[PDB]
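Below: the structure, in structure tokens.
Just so it is clear, A, B, C, D, E, F, G, H, I, J and K label the chains in written order, and each chain counts residues from 1 on its own.
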């Protein structure tokens, strides 16, 4: 085949114009003429705490927790009791 | 391979997993003593052991968990406690294997004895 | 061309850091695999030996004397 | 990431590849030199050439427009026009 | 779910073996691993299933961004076919890729190993579908295979990328995160397993073949994949077997169930429910 | 950006040469080989073995292990 | 070809579904007897009624 | 231990902070990719604090922050559980997210 | 994409467009370059023979059995380039290819900056309106003599004139902004 | 909150028993939280409440006298019945927040007693049926047009049954 | 084997006999159709590329489509069989199906509630 001698000129010429358009698209110098964790960690934190220790905590059943784990022989701080030591492991 | 025996060659000799103690404990065992649970039903309930984990090894577990809360920053030091628990359990898996083998054999007893009585008459 | 320049039909030149960081991550992988294998070799073996279910004296299981 | 092409860097690669095709003499390849009437290659060798270029520059020349990349230059502006190189 | 998790594991893994898109292969691996995760939930082992979720996140994230590095560094080539010898051209990602690949294949003492083999041996020890048990294990060997497919084609082969080469991974924003996750991929399984609360009462007592099955199947999975890949370069043309098609075009679920349903669901609205 | 001399590339010394010799028995000769030469030509010339990738860094890794041990 | 597709896909589906059935028929289960839980199979803790004691389920050595 | 509750509520507030910065005109002036990457980084550290708590003590927490509707018998409320599944996953997810945002800045550069 | 589609296809373009589909679908089965550069010069042989068949009937009987050999020996996942139709990046960047007639509704503030840009844009728009007449007339004076019309457009053929209908092949959204 | 309407069990906590030389990373942090997060806040809060106590005001809880119920209310007398459908629609809610509390009191008793919920938390669930079997027996079949006349009938359809079955 | 076009997965261009047709007529249509499309193409391309235009290019081929599809339907309706049988199975068929699906369920439910079996436990809402 091969380009037709009258299509290798409509691509000859239109490519020449595309090259000028893209040159014109180029921006001149000056073209664009225009005319610290404490910040998000600490400040947000104080607020949250304010909320969690003075609303949630205060209201009923808002922050509930699985009972603490108590094993044999470990003391209960609040009541003072000492969990009996378990039956001796024979083996 | 137990399966190959049960599914390929024989059907009665091999026992069914759904009913492992197909036979009463007394058989071939005069006054066999039952397993003894060391931990207190309360001890477990206070150590918040998951129901499943309340095995006959619950007692060595509570120990592990003890040494895991204590020794907190160090998660690599309650190692003897884990061996123990595991052992207790390996020593339980083995039991559960001994019970299965005992059943197996006992059911065989039935077969062989069936023939024993099947003696020509 | 910025940073490292391109290489037409040639082995791209490599920066000191690219090679060292790459050997670093891989070598730590191998140090960790070797360190744990030595300290804790129960990945393949297992620390509990399977019992041979076929060596349990019939007394052990309650297999009554046939008859 | 990589640097953009140029109308003389898209021409040195196109001549480079072709100079490595054994049939095309490397001393009679000139950009204004037609593949089939001046260099001697057949029709099947145009497909093979274009394909090399499609693999040197990493894109596919549409057949309907690839059926005509005859001059060893049409290839150099078509590739560039398709890639927006205004030099 | 044990059953469907099992079918997806192999179905997705088999599809991954022939896929030629790097991102696609990793995605299929995302689905398979979750198929294994579905299997453990199906065998009522919830805690370990969660353990794999965490370990799965570290390595799969690595491999994707690893390929992100390869795709961006190359001229946006997303096909393993044109990408080769990244190991010498880009050791930093290749090192990260193999670290991730071995974690995916459950290399001993890496994050996959702490959680994955627990799941494997769980299967080998529970009462389960025989078909599910067999497919999950070969699914594990395939995970090694496609893992092998990626490194052989992407990393250990003569380069086949386009001729101009412009590769840079020096940017801190590439390395740093890849470096940070790599540290997680190397040490996370160690840390998470010891720290979590004792749960599930695992069965560590097994015949040794079952205890080491995950390790061996993974090893021969790569072994078998290696050989086939090598045989490929022998000037002996090898075309597809009947199944290769059912493997490369995703089991044909996409070709058939995506053209019939959207066609017979829209035809009925326009032609029947709307106009009639 | 200059470009390496086209002449530099040659098929001998690379796997293309063995493909070149057989195609030749058949009488055929592929003309585009030289283009596909830089793949095997240099830098990327060394064969990469699968153990080499899996074992990258093992040498120091074990060296590090011994010391720590 | 489309037919080839429809048949193959569904064949796979069926074979699988079937094999899964062959499976349920012949399951894989280790040589292990049943697990043994303490008390009365944790009757009370499984939430059983505290007042009504259950038929003891004992486990021997 | 409020330190626990506050931490679980705080991760959400810290991560929401990038979202409203883009709502206001402020993001044009600071760098959004760098700022977002840092805050997820801080969220991961904040997530670590409950994770250590759980491990030390293995205890959970149901947090009912805000009520939305009584709807008669079925009251609806916004509740975050802090069971082992939730906090373990929260830490793993943010680490991956912290990794990806930095990767995102390199990958989508020029977008 | 640029040149216009021919009405019917010749014998050649059908054969020579298989040589592409074939060789390119042979690099999806044969990935390694060597195996390929081998298994492919063997392909040409297939096309090289049966090149001089003068018996059209035969030729169109080798072609019709070639494209069925090929259809059944094709790769399901071939190697299609990244940016070509069916590819992985096809039309990816099109979300950024705005059509350029949109800078005409910009607020006088926006266009205030970027000043020289619009000084050159107003030149080009003068070029476009300055020739529509000579163009359309050309397009017409050179119309077909009541014959087959193709989608081909004429070149300029006179100085100062701009190729007829050139405003959208030129001034077209950049490929990868 | 009324420790008695929203109960809450006494707390039992195992005492600190460290067995490691390493320093707990939690205790140190808290020591900070207590200084850099709590003290700062604590200070502000108080200052809030003293601002409140200066002009302390009060708000009471409307107590509604009890009017005559539909059971006793002339037929057709829209006045009396209107005052008596409200007295019920009012107790349709007071009898609904009660059920809201049992929905809640329970939820807590299964978060506070995990892994024991099966047992320890059965003081409530016995109540959640002692209260649900009642709410079901006085307010459930009714349409969206719930009215005291219809509860009067929902009941009285069944008072036959507690009289036909008995007989 | 041989590709087998189905209403979906149609016969490709290649593998299609008519493509391999070079009868004078076919090459007379194939060149007579480009003309229609070239003609239409050169009626879109010098009206869209027209400076000095603000009006909306209409694409009347799309306006003939919508009119054909929502305003030329009932003027071309003739009630036949295969149209009214099929025009009643579609409107009343499922509408009668679900009635015996919902009646039977609602009746099963009611019976069970009446006899005292339905648990309706912890259901305090509806």
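One rule holds for everything that comes next: a contact is a pair of C-beta atoms (placed from the backbone, for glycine too) under 8 Å apart; a residue touches a chain by one contact, two chains touch by 3 or more.
Chain-to-protein mapping (UniProt): A = NADH dehydrogenase [ubiquinone] 1 beta subcomplex subunit 6; B = NADH dehydrogenase [ubiquinone] 1 beta subcomplex subunit 7; I = NADH dehydrogenase [ubiquinone] 1 beta subcomplex subunit 9; J = NADH dehydrogenase [ubiquinone] 1 beta subcomplex subunit 10; K = NADH dehydrogenase [ubiquinone] 1 beta subcomplex subunit 4.
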Chains linked by the largest number of contacting C-beta pairs: C-E
Identity of the chain that, by mean CA position, is farthest from subunit F: J
Central chain (by mean CA position): E
Length of the line joining the C-alpha centres of subunit B and subunit C, rounded to whole Å: 31
Subunit G-subunit J separation of Cα centroids, rounded to whole Å: 42
Where subunit G and subunit K are represented by their mean Cα positions, the distance between them in whole Å: 48
Where subunit A touches two or more other chains, by residue: 1, 3, 11, 18, 22, 45, 49, 53, 61, 64-71, 74, 83
Residues of subunit C whose C-beta touches two or more other chains: 1, 6, 8-11, 23, 26, 28-29, 33, 47-48, 53
Multi-partner residues of subunit J (at least 2 other chains): 14, 17, 24-26, 37-38, 99, 104, 107-108, 111, 114, 116, 118-119, 135
Pairwise chain contacts, counting only pairs that touch as defined: A-B, A-D, A-H, A-I, A-J, B-C, B-E, B-G, B-H, B-J, C-D, C-E, C-F, D-E, D-F, D-I, E-F, E-G, E-H, E-I, E-K, F-I, G-J, G-K, H-J, H-K, I-K, J-K
Footprint of subunit C on subunit D - complex, ascending: 2-3, 13
Interfacial residue positions of subunit J with respect to subunit G in the complex: 116, 118-119, 122
Of all residues in subunit K, those that touch subunit G in their complex: 1-6, 8-9
Footprint of subunit D on subunit E - complex, ascending: 72-73, 75, 77, 162-164, 166, 168
Residue numbers on subunit D that touch subunit E, as the complex places them: 1-3, 13, 55-58
